[PDB]
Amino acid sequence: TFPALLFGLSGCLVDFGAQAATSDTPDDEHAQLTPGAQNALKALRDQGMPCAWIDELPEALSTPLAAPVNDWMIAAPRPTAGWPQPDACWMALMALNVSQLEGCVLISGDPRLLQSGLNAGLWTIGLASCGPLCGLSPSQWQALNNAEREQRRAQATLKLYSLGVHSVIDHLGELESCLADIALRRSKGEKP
């Protein structure tokens, strides 16, 4: 079983290309859910899956960004010790009252958040298209040719695996299958 799923906010649930930090101003476009995020969240709410979002942006920037998910998921309490310390992830799991670490998963495209999850002892899922390793807005990503999007994904994928991340997928539309494969690995005895 999965006691909880933790999600990055920007460059993960919303803000494709992690553009909200790129400015000190809020921007309406950035609160858009990333490809596959809406339906992944529908499924998680229907399942009753405990979930929380995690980010390091100032509340002024993260509040408008979280609006799309605030009906699905709490903001984890911010630690005094930030990423890559494990604290953020432990405090998220604690806010969700999880009974045990085993089976908890963090999903992000940000290496600093992913490292927090790795340090904390969670399973980790990296996102290949929408995080800061790619850093392109939706319109920018769409303007590339096929070969370019492939190159960008593959490059981010290897960077993420080099961190020690357990699985990398293109987008949150792949989350369900990704989690099912972690379940199979776990049944074979794999631990984070």
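Throughout, we count residues from 1 along the sequence that is shown.
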{"item": "Between the two ranges 145-153 and 60-68, the one averaging a larger CA B factor in the entry", "value": "60-68"}
{"item": "Of 120-128 and 154-162, the one with larger mean CA B-factor", "value": "154-162"}
{"item": "Residue with highest C-alpha B-factor in the PDB entry, from 26, 138, 135, 50", "value": "26"}
{"item": "Residue with highest C-alpha B-factor in the PDB entry, from 9, 20, 180, 169", "value": "20"}
{"item": "Assigned third (lowest, middle, highest) for the C-alpha B factor of residue 188", "value": "highest"}
{"item": "Third of chain Cα B-factors occupied by residue 97", "value": "middle"}
{"item": "CA B-factor ranking of residue 103, expressed as a third of its chain", "value": "lowest"}
{"item": "Among modelled residues of the same chain, the CA temperature factor third for residue 86", "value": "lowest"}
